[PDB]
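Structure first, commentary second.
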Amino acid sequence: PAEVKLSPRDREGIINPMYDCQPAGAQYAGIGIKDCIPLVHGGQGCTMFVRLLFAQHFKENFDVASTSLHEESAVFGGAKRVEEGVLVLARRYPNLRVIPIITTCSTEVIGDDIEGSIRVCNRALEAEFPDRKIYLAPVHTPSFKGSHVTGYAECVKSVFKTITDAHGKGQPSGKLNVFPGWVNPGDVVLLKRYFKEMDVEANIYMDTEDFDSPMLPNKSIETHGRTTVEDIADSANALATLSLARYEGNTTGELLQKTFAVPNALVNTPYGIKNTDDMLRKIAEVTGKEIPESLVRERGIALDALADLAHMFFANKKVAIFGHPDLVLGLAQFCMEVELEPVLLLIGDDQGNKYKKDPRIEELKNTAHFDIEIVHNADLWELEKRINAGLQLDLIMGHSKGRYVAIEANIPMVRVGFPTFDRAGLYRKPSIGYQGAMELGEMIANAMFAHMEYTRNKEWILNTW
Amino acid sequence: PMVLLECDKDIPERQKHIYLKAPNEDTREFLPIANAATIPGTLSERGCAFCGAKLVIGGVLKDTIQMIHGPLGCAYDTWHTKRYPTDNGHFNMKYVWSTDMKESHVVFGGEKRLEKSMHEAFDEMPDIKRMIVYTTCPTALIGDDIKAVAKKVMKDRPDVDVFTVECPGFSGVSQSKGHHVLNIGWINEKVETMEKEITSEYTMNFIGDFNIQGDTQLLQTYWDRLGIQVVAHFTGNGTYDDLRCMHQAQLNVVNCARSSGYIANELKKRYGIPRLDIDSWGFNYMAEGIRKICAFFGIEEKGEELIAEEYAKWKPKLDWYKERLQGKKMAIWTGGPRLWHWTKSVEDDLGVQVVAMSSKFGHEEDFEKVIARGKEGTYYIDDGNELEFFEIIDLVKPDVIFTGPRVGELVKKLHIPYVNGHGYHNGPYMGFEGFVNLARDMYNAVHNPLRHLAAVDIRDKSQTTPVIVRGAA
Amino acid sequence: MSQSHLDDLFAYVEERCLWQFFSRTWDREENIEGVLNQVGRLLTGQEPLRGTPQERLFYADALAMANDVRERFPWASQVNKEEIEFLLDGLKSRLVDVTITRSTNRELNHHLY
Ligand code: CLF
Ligand SMILES: [Mg+2]
Ligand SMILES: [Mg+2]
């Protein structure tokens, strides 16, 4: 009677949305590019609220501009707001190189011709700044489909199309392209170490390491993406693409395969031990480079740590997970490796027809010994309502906008994915890879341990485990 | 004079928005343009009209569904971002609602989607019987008639009451338009649609206070001590139905004249309720305000007992901070009113010199007030943008900036500390105790070892790492 | 001297008071007249008007100003009743000039609130 079931939310409305809309994800893609300021064509909230969201997750400012759509543009069209916004950016930011022009619900409904505005602005910019090149990428992100997950993927693809259209194929680079998806700076730091230890040259798109920027004696601001125009252009010349996230950049790997014959390898997102193992085996396959002893050791240190926890504290404990689809499916697999039982998986957008085909579903169907409900098109009320109706959970894993569900239900909660604003430093802590699996397992245990103390639930047992 | 900053040489229209107050000027010749269109591409701090209606005003209420008719982003974006507690477990902060508009609703209309969402929300939370519905950009563009849908829902569900606001983000130029549409709709439709028991000889509404970190609950300890019944708070720690009773008050006390002056003005026009403007931030300001309220009611002695007690309790701490904050330079980059509520109160009560101020969305009215109260040599900026903020820092070298968290995290890189001028650090900030809380946070922000440590380059052989000695009131 | 006294009163009102900065011309005019008539009564020992709610509110605003003027300005306890009246008439005129006649606030005459 052992069943993994997919079902949609049964309400038309949303209470407590899991994700933001497409333009927010497009903004996130863009802020990882060096010398990039996205221009969000729509009303002002579509920009300012998302800059706040990034400040909540990262505790940093990122630069994004608005076209400031007002009432006259709503009657007559907003092309002149785009055109003005591009020139005002170029004139006031002399080092600016890349402007993704991101549409919103408003500017999709009114049908402004973004590509026509880009032709105008390219002519204007070439005349006014003869020795400068600014890349204007059209990013179509209506908010009434998909989510910030889809918007991220669309923006990455559009930027890559724009820049590679301009530079084409050159000399082979010998490098990998790597699209990790929507991950933290700590995940990027871990991936760079893995490629360094394996002696594999790679560009990570986007390289967000420096989002965790120092406060320096010289008062310098370093809070920027590290991925340059040149890095993106060089993607045409790669040996191969490693795509870690089906829903967060694999479509750019495919585009590069179609356009430039760079072979794309999509692998399971590397949450947990097996998925990391399989990622490293694919890297070895495509590069001919051996997996180093250092990664066998990091793997062994992670397993050693998780073995102190799994049968003692985790076995038979029931977990609900919410977040981006690649993260939810990957964390469900990690959970199983450590004897946790992920009985409720919530994925927050309208992409169910794709999720039903995800091979990780089948990997769960063939392995779980407990029923799993996967709710797609879910909101966070879908979690709260199930708890109120009697679902017994030992743990929630998800982002901070679900915090009150866990607090009020008195269920321990580990903060994963985006945004994680209600704890300190999580953006710096890997979640992927072997060290990430270890860090996740130890967050889970430490959340359970604190819960045992606050609730006086066998709190004396934390001595000789 | 009016100022053309170097970063605005290619947008020189910005000079009419920036005033540097100089000796002997007739300030009537130098009033910034305000409440005009934004320049695209500037990194203006402005938000949208929907924000001003739902996030700022309507969403403060403790017992009301906030139904955002539009795609899900407008809902996501106004959830987990405000600090307005309630006395019912923070219902207002725990939830947000969307009609989850999809492409088919753009094509065919969203009215049935809204109607279904509204019934679902009432079904999911059977204890909640009040709702505000807001339009957003695309639902305005497709012409959904949310007032007509709300009328049908109320007919079908006679135990609910629904209010509607037409506030797409492209309306107006900023949050301000949302304030106006909400205020006028509420007084036109919902005031005097029920009544409550009057339990005091002295009754008032408190208009334009949104309970940031408990401000409203702190002020309520004053009204309870004075024996004044507050018919309605607009909208801090408020209820939908209290707001229906606003016509019953004898007096309207206004703090936020920008967001909420509209409804005070209409209550005076329609019901004869006088409008009293106060400053509920600032120590000596709070005393003036209590004295005015008590003079209106004829309870002067009770006012002087409360003031005396509050001064005995809090003035020694306030003066401790003044000794240490005297001469520090402050910038205030917020919505608008806090500029004119704070510039002279920090000067009087803390000795702090406000050297630069920027208003996201203030009107010319707000600039009249701030320039009247503010110092010579100070910059007064309407609709400031990020590059201007950097240039202003270079001109005035503030010791502390009161602004939102994102800007605070930016200026941290320049070793300038911030206090959250919107949601506070450790509030409340209104009232006598509140101004001490504000002073404490300013003191701990500036006299902070980390700021000194950041300046040391450990590679410089010539440099040592200092220790600083701090204090506490 | 009479112009110094008026300059003192005007600088006090500008930096302290809010009632001259209401949303519309007609409200500024009402408040300037109403508050300052009460101030004149209070500074000359006359019985304040406290009948109607509006009168009671002008009294409340005026009391703050009268008390502050007596505390700040020694001259305000030395000049006679007619001199106080003349100063307050001059102050009304100045306040109308700067808050209405020469204000560039473009909302002041909008018929709707
Ligand atoms: S200016 Fe304001 S916040 Fe912007 S849309 Fe308009 S009412 Fe709303 Fe909404 S769903 Fe996302 S965030 Fe926008 S693109 Fe539309
Ligand atoms: Mg060990
Ligand atoms: Mg003055």
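Each chain in the structure tokens gets a letter, A, B, ..., in the order shown, and its residues are numbered from 1; ligands are numbered from 1 in order too.
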
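Taking only C-alpha atoms and all ligand atoms into account, ligand 2 has within 8 Å the residues residues 301, 304, 305 and 308 of chain A.
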
Next, write the just-selected residues to a file, as a PDB file, in the first residue's frame, keeping C-alpha atoms as the atom set.
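And here's out.pdb as it stands now:
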ATOM      1  CA  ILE A 301      34.033  12.788   7.346  1.00  0.00           C
ATOM      2  CA  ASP A 304      31.113   9.656  10.019  1.00  0.00           C
ATOM      3  CA  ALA A 305      29.163  12.692  11.312  1.00  0.00           C
ATOM      4  CA  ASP A 308      26.367   9.658  14.866  1.00  0.00           C
TER       5      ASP A 308
END

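If one restricts the calculation to only C-alpha atoms and all ligand atoms, the set of residues situated within 12 Å of ligand 3 consists of residues 21, 22, 23, 24, 25, 26, 27, 344, 368, 369, 370, 371, 372, 373, 374, 375 and 376 of chain B; 7, 8, 9, 10, 11, 12, 13, 14, 15, 16 and 17 of chain C.
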
Enumerate, in order of chain and increasing residue number, the residues of chain B with an atom no farther than 8 Å from ligand 1, each with its shortest atom pair and distance in Å to one decimal, counting only C-alpha atoms and all ligand atoms, as a Markdown table.
| residue | atom | partner | partner_atom_place_in_ligand_line | distance |
| --- | --- | --- | --- | --- |
| B:47 | CA | ligand 1 | 2 (Fe) | 7.2 |
| B:48 | CA | ligand 1 | 2 (Fe) | 4.8 |
| B:49 | CA | ligand 1 | 2 (Fe) | 6.5 |
| B:50 | CA | ligand 1 | 7 (S) | 5.0 |
| B:51 | CA | ligand 1 | 2 (Fe) | 6.2 |
| B:70 | CA | ligand 1 | 10 (S) | 6.4 |
| B:71 | CA | ligand 1 | 10 (S) | 4.4 |
| B:72 | CA | ligand 1 | 10 (S) | 5.4 |
| B:73 | CA | ligand 1 | 10 (S) | 3.8 |
| B:74 | CA | ligand 1 | 9 (Fe) | 3.6 |
| B:75 | CA | ligand 1 | 9 (Fe) | 7.3 |
| B:76 | CA | ligand 1 | 12 (S) | 7.9 |
| B:77 | CA | ligand 1 | 12 (S) | 6.5 |
| B:135 | CA | ligand 1 | 7 (S) | 7.3 |
| B:136 | CA | ligand 1 | 7 (S) | 4.0 |
| B:137 | CA | ligand 1 | 6 (Fe) | 4.3 |
| B:138 | CA | ligand 1 | 15 (Fe) | 7.1 |
| B:167 | CA | ligand 1 | 7 (S) | 7.1 |
| B:168 | CA | ligand 1 | 7 (S) | 4.8 |
| B:169 | CA | ligand 1 | 1 (S) | 3.8 |
| B:170 | CA | ligand 1 | 1 (S) | 6.0 |

Residue subset to file, keeping C-alpha atoms, as a short mmCIF file (atom, residue, chain, number, x, y, z; two decimals), in the first residue's frame:
data_model
loop_
_atom_site.label_atom_id
_atom_site.label_comp_id
_atom_site.auth_asym_id
_atom_site.auth_seq_id
_atom_site.Cartn_x
_atom_site.Cartn_y
_atom_site.Cartn_z
CA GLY B 47 7.54 52.02 -4.03
CA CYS B 48 4.08 51.66 -5.58
CA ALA B 49 0.54 52.78 -4.79
CA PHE B 50 -0.56 49.25 -3.85
CA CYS B 51 2.16 49.24 -1.19
CA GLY B 70 -3.38 39.91 -8.88
CA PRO B 71 -0.56 37.51 -9.57
CA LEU B 72 1.22 36.08 -6.53
CA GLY B 73 4.25 38.38 -6.45
CA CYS B 74 2.46 41.41 -5.05
CA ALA B 75 1.33 39.20 -2.12
CA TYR B 76 4.73 37.53 -1.56
CA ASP B 77 6.40 40.91 -1.63
CA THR B 135 -6.26 45.65 -7.11
CA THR B 136 -2.74 45.42 -8.55
CA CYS B 137 -1.25 46.39 -11.92
CA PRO B 138 -2.82 43.75 -14.16
CA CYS B 167 -4.52 50.80 -6.18
CA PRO B 168 -2.54 49.44 -9.11
CA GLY B 169 1.12 50.12 -8.72
CA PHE B 170 1.29 52.44 -11.73
#

Given only C-alpha atoms, how would the per-residue table for range 167-255 of chain B near range 294-305 of chain B read, listing every residue at most 12 Å away with its closest atom pair and distance in Å to one decimal, sorted by chain and number, as CSV?
residue,atom,partner,partner_atom,distance
B:200,CA,B:297,CA,11.2
B:201,CA,B:297,CA,8.7
B:202,CA,B:297,CA,6.4
B:203,CA,B:297,CA,8.8
B:204,CA,B:297,CA,10.0
B:222,CA,B:303,CA,9.1
B:223,CA,B:303,CA,9.9
B:224,CA,B:302,CA,11.3
B:225,CA,B:302,CA,8.3
B:226,CA,B:302,CA,6.1
B:227,CA,B:302,CA,9.0
B:228,CA,B:297,CA,9.0
B:229,CA,B:297,CA,11.7
B:250,CA,B:297,CA,9.2
B:251,CA,B:296,CA,8.4
B:252,CA,B:296,CA,11.1
B:253,CA,B:296,CA,10.9

Write the residues of the preceding selection, restricted to N, CA, C and O atoms, as a PDB file, in the first residue's frame.
ATOM      1  N   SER B 200     -16.500  56.785  28.141  1.00  0.00           N
ATOM      2  CA  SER B 200     -15.810  57.912  28.757  1.00  0.00           C
ATOM      3  C   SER B 200     -16.503  59.194  28.357  1.00  0.00           C
ATOM      4  O   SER B 200     -17.071  59.261  27.240  1.00  0.00           O
ATOM      5  N   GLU B 201     -16.337  60.232  29.167  1.00  0.00           N
ATOM      6  CA  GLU B 201     -16.703  61.593  28.753  1.00  0.00           C
ATOM      7  C   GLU B 201     -15.761  62.162  27.691  1.00  0.00           C
ATOM      8  O   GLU B 201     -16.118  63.156  27.074  1.00  0.00           O
ATOM      9  N   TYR B 202     -14.581  61.533  27.531  1.00  0.00           N
ATOM     10  CA  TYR B 202     -13.554  62.061  26.664  1.00  0.00           C
ATOM     11  C   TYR B 202     -13.254  60.975  25.625  1.00  0.00           C
ATOM     12  O   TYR B 202     -12.807  59.897  25.999  1.00  0.00           O
ATOM     13  N   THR B 203     -13.476  61.280  24.344  1.00  0.00           N
ATOM     14  CA  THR B 203     -13.275  60.303  23.264  1.00  0.00           C
ATOM     15  C   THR B 203     -12.458  60.905  22.147  1.00  0.00           C
ATOM     16  O   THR B 203     -12.586  62.084  21.807  1.00  0.00           O
ATOM     17  N   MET B 204     -11.626  60.055  21.553  1.00  0.00           N
ATOM     18  CA  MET B 204     -10.821  60.519  20.413  1.00  0.00           C
ATOM     19  C   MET B 204     -10.545  59.344  19.474  1.00  0.00           C
ATOM     20  O   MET B 204     -10.646  58.188  19.847  1.00  0.00           O
ATOM     21  N   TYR B 222      -0.905  55.847  27.921  1.00  0.00           N
ATOM     22  CA  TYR B 222      -1.215  57.241  28.270  1.00  0.00           C
ATOM     23  C   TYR B 222      -2.711  57.476  28.271  1.00  0.00           C
ATOM     24  O   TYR B 222      -3.263  58.100  29.200  1.00  0.00           O
ATOM     25  N   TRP B 223      -3.394  57.050  27.196  1.00  0.00           N
ATOM     26  CA  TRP B 223      -4.829  57.359  27.092  1.00  0.00           C
ATOM     27  C   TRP B 223      -5.579  56.671  28.216  1.00  0.00           C
ATOM     28  O   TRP B 223      -6.525  57.244  28.796  1.00  0.00           O
ATOM     29  N   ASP B 224      -5.196  55.449  28.539  1.00  0.00           N
ATOM     30  CA  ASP B 224      -5.855  54.716  29.637  1.00  0.00           C
ATOM     31  C   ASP B 224      -5.601  55.458  30.941  1.00  0.00           C
ATOM     32  O   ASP B 224      -6.549  55.643  31.739  1.00  0.00           O
ATOM     33  N   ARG B 225      -4.397  55.931  31.195  1.00  0.00           N
ATOM     34  CA  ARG B 225      -4.110  56.674  32.448  1.00  0.00           C
ATOM     35  C   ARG B 225      -4.944  57.959  32.530  1.00  0.00           C
ATOM     36  O   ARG B 225      -5.393  58.314  33.629  1.00  0.00           O
ATOM     37  N   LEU B 226      -5.129  58.620  31.415  1.00  0.00           N
ATOM     38  CA  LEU B 226      -5.879  59.877  31.360  1.00  0.00           C
ATOM     39  C   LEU B 226      -7.399  59.667  31.324  1.00  0.00           C
ATOM     40  O   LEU B 226      -8.149  60.657  31.480  1.00  0.00           O
ATOM     41  N   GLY B 227      -7.863  58.465  31.163  1.00  0.00           N
ATOM     42  CA  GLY B 227      -9.283  58.187  31.100  1.00  0.00           C
ATOM     43  C   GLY B 227      -9.939  58.599  29.798  1.00  0.00           C
ATOM     44  O   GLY B 227     -11.165  58.879  29.781  1.00  0.00           O
ATOM     45  N   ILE B 228      -9.202  58.556  28.709  1.00  0.00           N
ATOM     46  CA  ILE B 228      -9.687  58.896  27.374  1.00  0.00           C
ATOM     47  C   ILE B 228      -9.992  57.638  26.612  1.00  0.00           C
ATOM     48  O   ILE B 228      -9.115  56.783  26.505  1.00  0.00           O
ATOM     49  N   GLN B 229     -11.211  57.479  26.100  1.00  0.00           N
ATOM     50  CA  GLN B 229     -11.538  56.347  25.237  1.00  0.00           C
ATOM     51  C   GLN B 229     -11.075  56.642  23.804  1.00  0.00           C
ATOM     52  O   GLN B 229     -11.395  57.699  23.270  1.00  0.00           O
ATOM     53  N   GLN B 250     -14.914  62.607  19.673  1.00  0.00           N
ATOM     54  CA  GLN B 250     -14.962  64.075  19.867  1.00  0.00           C
ATOM     55  C   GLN B 250     -13.793  64.789  19.231  1.00  0.00           C
ATOM     56  O   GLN B 250     -13.886  65.967  18.921  1.00  0.00           O
ATOM     57  N   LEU B 251     -12.648  64.111  19.118  1.00  0.00           N
ATOM     58  CA  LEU B 251     -11.393  64.738  18.695  1.00  0.00           C
ATOM     59  C   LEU B 251     -10.627  63.738  17.787  1.00  0.00           C
ATOM     60  O   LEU B 251     -10.616  62.557  18.109  1.00  0.00           O
ATOM     61  N   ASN B 252      -9.983  64.244  16.747  1.00  0.00           N
ATOM     62  CA  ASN B 252      -9.036  63.419  15.953  1.00  0.00           C
ATOM     63  C   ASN B 252      -7.644  63.930  16.210  1.00  0.00           C
ATOM     64  O   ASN B 252      -7.324  65.089  15.927  1.00  0.00           O
ATOM     65  N   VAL B 253      -6.813  63.063  16.778  1.00  0.00           N
ATOM     66  CA  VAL B 253      -5.387  63.379  17.001  1.00  0.00           C
ATOM     67  C   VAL B 253      -4.610  62.761  15.872  1.00  0.00           C
ATOM     68  O   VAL B 253      -4.681  61.531  15.690  1.00  0.00           O
TER      69      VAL B 253
END

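Checking A:231, A:296, A:78, A:1 one by one against residue 277 in chain A, counting only C-alpha atoms, you find the shortest gap at A:296.
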
Within 7 Å of residue 36 in chain A, counting only C-alpha atoms, which residues show up once you throw out same-chain ones fewer than 4 positions away? Write them as a ChimeraX atom specification, please. /A:30-31,96-99

Based on the selection just made, write C-alpha atoms of those residues as an mmCIF file, in the first residue's frame.
data_model
loop_
_atom_site.group_PDB
_atom_site.id
_atom_site.type_symbol
_atom_site.label_atom_id
_atom_site.label_comp_id
_atom_site.auth_asym_id
_atom_site.auth_seq_id
_atom_site.Cartn_x
_atom_site.Cartn_y
_atom_site.Cartn_z
ATOM 1 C CA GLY A 30 21.091 39.418 -13.113
ATOM 2 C CA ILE A 31 22.642 40.537 -9.831
ATOM 3 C CA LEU A 96 27.840 49.352 -16.663
ATOM 4 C CA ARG A 97 28.052 46.557 -19.290
ATOM 5 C CA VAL A 98 24.879 44.457 -19.007
ATOM 6 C CA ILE A 99 21.192 45.434 -18.673
#

Could you make a table, as CSV, of the residues of chain C that have an atom within 12 Å of an atom of chain B, each with its nearest atom pair and distance in Å to one decimal, counting only C-alpha atoms, in chain and number order?
residue,atom,partner,partner_atom,distance
C:10,CA,B:372,CA,10.9
C:11,CA,B:372,CA,9.0
C:12,CA,B:373,CA,10.0
C:13,CA,B:372,CA,9.1
C:14,CA,B:372,CA,5.5
C:15,CA,B:373,CA,4.5
C:16,CA,B:373,CA,7.0
C:17,CA,B:369,CA,9.0
C:18,CA,B:277,CA,6.6
C:19,CA,B:277,CA,7.0
C:20,CA,B:369,CA,9.5
C:21,CA,B:365,CA,6.8
C:22,CA,B:365,CA,8.0
C:23,CA,B:365,CA,7.2
C:24,CA,B:265,CA,9.5
C:25,CA,B:365,CA,11.5
C:26,CA,B:265,CA,11.6
C:27,CA,B:265,CA,9.2
C:28,CA,B:365,CA,11.6
C:30,CA,B:274,CA,11.9
C:31,CA,B:275,CA,10.5
C:35,CA,B:276,CA,11.8
C:48,CA,B:295,CA,11.6
C:49,CA,B:296,CA,11.5
C:50,CA,B:296,CA,8.5
C:51,CA,B:296,CA,10.8
C:52,CA,B:274,CA,10.0
C:53,CA,B:274,CA,6.6
C:54,CA,B:274,CA,5.8
C:55,CA,B:296,CA,9.1
C:56,CA,B:296,CA,5.3
C:57,CA,B:296,CA,5.6
C:58,CA,B:296,CA,8.6
C:59,CA,B:296,CA,7.3
C:60,CA,B:292,CA,4.8
C:61,CA,B:292,CA,6.3
C:62,CA,B:292,CA,9.0
C:63,CA,B:292,CA,7.8
C:64,CA,B:288,CA,7.0
C:65,CA,B:288,CA,9.9
C:67,CA,B:288,CA,10.8
C:68,CA,B:288,CA,10.4
C:95,CA,B:28,CA,11.9
C:97,CA,B:28,CA,9.8
C:98,CA,B:28,CA,6.8
C:99,CA,B:368,CA,8.4
C:100,CA,B:28,CA,10.1
C:101,CA,B:28,CA,9.9
C:102,CA,B:28,CA,6.4
C:103,CA,B:28,CA,5.8
C:104,CA,B:31,CA,7.0
C:105,CA,B:364,CA,5.2
C:106,CA,B:364,CA,7.5
C:107,CA,B:364,CA,8.1
C:108,CA,B:365,CA,8.8
C:112,CA,B:266,CA,9.4
C:113,CA,B:262,CA,5.9

If you keep C-alpha atoms, can you produce a file of those selected residues as a compact mmCIF listing (two decimals), in the first residue's frame?
# COMPACT_ATOMS: atom_id res chain seq x y z
CA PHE C 10 7.25 84.33 13.68
CA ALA C 11 10.45 82.31 14.22
CA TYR C 12 8.75 80.46 17.13
CA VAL C 13 5.70 79.54 15.08
CA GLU C 14 7.75 78.44 12.08
CA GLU C 15 10.02 76.09 14.02
CA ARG C 16 7.41 74.73 16.46
CA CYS C 17 3.83 74.77 15.17
CA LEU C 18 1.99 72.54 12.69
CA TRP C 19 -1.45 74.19 12.48
CA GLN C 20 -0.27 76.72 9.83
CA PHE C 21 0.71 73.76 7.57
CA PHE C 22 -2.70 72.06 7.19
CA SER C 23 -3.61 70.54 3.85
CA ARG C 24 -5.61 73.32 2.14
CA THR C 25 -5.68 77.13 2.01
CA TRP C 26 -9.01 77.42 3.80
CA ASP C 27 -7.78 75.29 6.72
CA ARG C 28 -4.55 77.27 7.06
CA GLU C 30 -8.99 79.12 9.70
CA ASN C 31 -6.19 77.98 11.97
CA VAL C 35 -5.28 79.95 17.13
CA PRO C 48 -10.46 82.01 26.35
CA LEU C 49 -13.32 80.81 24.13
CA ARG C 50 -14.02 77.12 25.03
CA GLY C 51 -17.64 76.65 23.79
CA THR C 52 -17.57 74.63 20.59
CA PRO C 53 -15.22 71.73 19.83
CA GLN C 54 -13.34 73.90 17.29
CA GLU C 55 -12.95 76.73 19.80
CA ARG C 56 -11.66 74.22 22.39
CA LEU C 57 -9.06 72.97 19.92
CA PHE C 58 -7.90 76.47 19.01
CA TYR C 59 -7.56 77.07 22.79
CA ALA C 60 -5.43 73.92 23.15
CA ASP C 61 -3.04 74.97 20.37
CA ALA C 62 -2.97 78.54 21.62
CA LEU C 63 -2.17 77.57 25.21
CA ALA C 64 1.03 75.83 24.09
CA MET C 65 2.12 78.86 22.12
CA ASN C 67 2.98 79.48 27.53
CA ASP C 68 6.08 79.09 25.30
CA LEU C 95 1.77 83.59 8.30
CA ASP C 97 1.96 85.48 3.32
CA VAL C 98 4.40 82.57 3.75
CA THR C 99 1.97 79.63 4.15
CA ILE C 100 -0.62 80.70 1.53
CA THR C 101 0.12 83.70 -0.72
CA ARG C 102 3.73 82.85 -1.58
CA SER C 103 3.64 79.07 -0.92
CA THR C 104 4.33 77.06 -4.10
CA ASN C 105 2.59 74.03 -2.57
CA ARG C 106 0.39 73.15 -5.54
CA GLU C 107 -2.21 71.17 -3.56
CA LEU C 108 -3.40 74.05 -1.38
CA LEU C 112 -11.29 67.75 -2.79
CA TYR C 113 -9.29 66.39 0.12

Residues of chain A that approach chain B to 7 Å or less, counting only C-alpha atoms: could you list each one with the shortest pair of atoms and its distance in Å to one decimal, rows by chain and increasing residue number, as a tab-separated table?
residue	atom	partner	partner_atom	distance
A:12	CA	B:117	CA	6.1
A:13	CA	B:117	CA	4.6
A:14	CA	B:98	CA	5.0
A:15	CA	B:97	CA	4.6
A:16	CA	B:96	CA	5.4
A:17	CA	B:76	CA	5.9
A:20	CA	B:73	CA	4.9
A:21	CA	B:73	CA	4.6
A:43	CA	B:170	CA	5.2
A:44	CA	B:47	CA	5.0
A:45	CA	B:47	CA	4.7
A:48	CA	B:47	CA	6.0
A:49	CA	B:77	CA	5.6
A:52	CA	B:406	CA	6.4
A:55	CA	B:406	CA	5.5
A:59	CA	B:409	CA	6.5
A:60	CA	B:409	CA	5.4
A:61	CA	B:406	CA	5.3
A:64	CA	B:43	CA	7.0
A:65	CA	B:43	CA	5.0
A:66	CA	B:41	CA	5.6
A:67	CA	B:40	CA	4.4
A:68	CA	B:40	CA	5.4
A:69	CA	B:170	CA	5.5
A:70	CA	B:170	CA	4.3
A:71	CA	B:171	CA	5.4
A:81	CA	B:40	CA	6.1
A:84	CA	B:40	CA	6.1
A:85	CA	B:41	CA	3.9
A:86	CA	B:41	CA	6.5
A:88	CA	B:41	CA	5.5
A:89	CA	B:41	CA	5.5
A:91	CA	B:10	CA	6.7
A:92	CA	B:7	CA	6.6
A:105	CA	B:138	CA	6.0
A:106	CA	B:138	CA	5.5
A:109	CA	B:138	CA	6.8
A:143	CA	B:71	CA	6.1
A:144	CA	B:102	CA	4.4
A:145	CA	B:102	CA	5.9
A:215	CA	B:413	CA	5.2
A:216	CA	B:454	CA	6.2
A:217	CA	B:455	CA	4.5
A:219	CA	B:414	CA	4.8
A:220	CA	B:413	CA	6.8
A:221	CA	B:413	CA	6.2
A:401	CA	B:80	CA	6.7
A:404	CA	B:94	CA	6.5

Export of the given selection (C-alpha atoms) as a short mmCIF file (atom, residue, chain, number, x, y, z; two decimals), in the first residue's frame:
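Written file, result-v8.cif:
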data_model
loop_
_atom_site.label_atom_id
_atom_site.label_comp_id
_atom_site.auth_asym_id
_atom_site.auth_seq_id
_atom_site.Cartn_x
_atom_site.Cartn_y
_atom_site.Cartn_z
CA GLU A 12 -7.97 28.54 -6.59
CA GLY A 13 -6.53 31.24 -4.32
CA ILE A 14 -3.17 31.32 -2.52
CA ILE A 15 -2.60 31.83 1.18
CA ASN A 16 1.08 32.32 2.08
CA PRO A 17 2.86 31.95 -1.30
CA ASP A 20 7.84 35.18 -5.63
CA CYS A 21 6.91 35.95 -9.27
CA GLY A 43 5.64 49.67 -11.57
CA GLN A 44 8.07 50.60 -8.81
CA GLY A 45 7.11 47.90 -6.30
CA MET A 48 11.86 47.83 -4.62
CA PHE A 49 10.21 44.87 -2.92
CA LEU A 52 14.32 44.27 -0.03
CA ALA A 55 18.60 42.34 1.57
CA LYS A 59 21.97 41.27 4.43
CA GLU A 60 23.35 43.20 1.45
CA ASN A 61 22.31 45.79 -1.08
CA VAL A 64 18.36 46.99 -9.66
CA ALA A 65 16.57 49.87 -11.42
CA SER A 66 12.91 50.49 -12.33
CA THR A 67 11.33 52.05 -15.40
CA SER A 68 8.77 53.66 -13.05
CA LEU A 69 5.66 52.90 -15.10
CA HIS A 70 3.01 55.53 -14.25
CA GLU A 71 -0.54 56.26 -15.40
CA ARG A 81 10.15 54.58 -19.90
CA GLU A 84 14.84 56.62 -20.81
CA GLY A 85 15.76 54.11 -18.10
CA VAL A 86 18.50 52.50 -20.23
CA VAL A 88 19.85 57.17 -17.52
CA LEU A 89 21.64 53.99 -16.33
CA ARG A 91 24.94 57.94 -18.41
CA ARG A 92 25.21 57.62 -14.60
CA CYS A 105 2.70 41.72 -15.36
CA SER A 106 1.91 45.33 -16.36
CA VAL A 109 -0.37 42.96 -20.44
CA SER A 143 4.12 37.10 -13.41
CA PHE A 144 0.85 35.37 -14.17
CA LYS A 145 2.72 32.17 -15.14
CA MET A 215 33.80 45.54 5.39
CA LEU A 216 37.30 46.70 4.36
CA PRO A 217 39.70 49.29 5.74
CA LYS A 219 35.73 51.38 2.43
CA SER A 220 35.62 49.53 -0.95
CA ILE A 221 32.33 47.94 -2.06
CA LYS A 401 8.58 32.68 5.16
CA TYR A 404 5.31 30.91 11.85
#

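When DSSP is run on the backbone, the residues of range 223-378 of chain A that fall into strand (DSSP E or B) are residues 227, 240, 241, 242, 243, 264, 265, 266, 318, 319, 320, 321, 322, 341, 342, 343, 344, 345, 346, 372, 373, 374, 375 and 376 of chain A.
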